[PDB]
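One structure is given here, and the rest of the page talks about it.
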Amino acid sequence: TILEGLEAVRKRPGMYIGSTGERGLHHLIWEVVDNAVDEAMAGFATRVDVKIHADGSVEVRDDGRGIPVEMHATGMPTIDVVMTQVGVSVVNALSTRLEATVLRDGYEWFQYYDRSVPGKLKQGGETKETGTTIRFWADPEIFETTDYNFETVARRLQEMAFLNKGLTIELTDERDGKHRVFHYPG
Amino acid sequence: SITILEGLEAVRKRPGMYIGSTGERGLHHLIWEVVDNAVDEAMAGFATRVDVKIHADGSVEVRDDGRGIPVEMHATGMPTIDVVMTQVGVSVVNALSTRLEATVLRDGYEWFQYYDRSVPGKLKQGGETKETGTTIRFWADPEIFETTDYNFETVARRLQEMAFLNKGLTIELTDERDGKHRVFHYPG
Ligand SMILES: CO[C@@H]1[C@@H](OC(N)=O)[C@@H](O)[C@H](Oc2ccc3c(O)c(NC(=O)c4ccc(O)c(CC=C(C)C)c4)c(=O)oc3c2C)OC1(C)C
Ligand code: NA
Ligand code: NA
Ligand code: NA
Ligand code: NA
Ligand code: NA
């Protein structure tokens, strides 16, 4: 049933991200970034870092509270409930791979998803830091393009910074070295 | 299999036999081993660039554009990359790390592997690419080392020396803890 839900996304992605061209591809970034910016609005995060990797993956890191990793009532870690059932599960469904690294509850935690199928959540080292890193690889079977446009992403992140005064958003493109930092005082 | 585990446990039992000591000098030996493997690939004529990143979580990432660690099934019934990470020089880094991740571009694909206290995960085949190279990210074990705090200046001075001794190689160093950076490239 959880698998059927994610397969429904792959069958009709337009129902979830509007379309499967360049605008649909960029929706994967908007979803993950919106989740990070939500932590800034909530008063926990101060910075969101976005990287476009040369392998076509995108990495989004925040210093918010960290996606909860404790066991959920449904019998999987809460992070796995999130990545299989809520908004960002669409990103998992339409990615060949998603990795999550969370700083929370005194530890670094590692999870991966292989075509949306969770690995086993691993507890890493001790840390007082909190936050979330998500890295995802858009599925080229789904999208008409896997080419992210730096200028499109930069203009969106600059507007997000303008609506969320005091938030810093950094964007790095590892394909060609482009780098921008956006922030408005607040 | 018993022998492979015995070998890694021998390293944890007496790390001084393999990296000299378990203070700061010993800690920095983990970076030298991984970087040495990348620089050797470059100067054997297969790579042009080595990128070293000290992450805010205390992990170190070393990336090269060399041939990539071989990933094909080995005669022993595990992938060659798992033989490498459990048996050769870099297996000392794996043994003295709580975690090691390898991302290899080779044989037409991006490949993902992890090691939890040197125990391999299942090697995963990712997307298609002609590109080749190796990325290793490792988390030094604080139960082994007296300190896990790498020194930017120590790393920079050693990488500068490596670039000087290997003319034509680019070595880039970034430290996400405090934003420090260097790029070394001696023409040759
Ligand atoms: C993709 O996850 C997103 C988050 O994205 C990021 N990047 O943080 C963020 O947008 C937002 O994050 C929330 C949203 C609400 C709470 C929240 O209400 C918390 N309060 C708790 O006491 C708490 C503790 C454990 C727990 O399982 C839950 C409910 C489960 C949630 C929020 C998934 C809540 C908390 O600690 O963290 C929260 C966090 C991190 O919602 C998620 C989890 C869907
Ligand atoms: Na949507
Ligand atoms: Na959403
Ligand atoms: Na935080
Ligand atoms: Na990883
Ligand atoms: Na290469």
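Proteins come first, then strands; the chains are lettered A, B, ... in the order of their sequence lines, and each starts at number 1. Keep in mind that the numbers below use all heavy atoms, side chains included, and drop hydrogens, waters and symmetry copies. Indexing begins at 1, ligand by ligand and atom by atom, following the structure's order.
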- N/O/S of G64(A) less than 3.0 Å from the Na ion (ligand 4)? yes

- Item | Under 3.5 Å side-chain donor-acceptor pair for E70(A) and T78(A) | yes

- Message: Can you confirm if the NZ or CZ of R156(A) lies within 45° of the ring axis of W30(A) and under 6.0 Å from the centre of its six-membered ring?
- Response: yes

- For the Na ion (ligand 6), find the closest N/O/S atom belonging to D65(B) and write down its atom name. O

- Item | Salt bridge flag under 4.0 Å for residues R12(B) and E143(B) | no

- Item | Closest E101(B) atom to the Na ion (ligand 5) [N, O or S only] | OE1

- Message: Measuring centre to centre across the rings, with the benzene-like ring taken for any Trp, is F112(B) within less than 6.0 Å of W137(A)?
- Response: yes

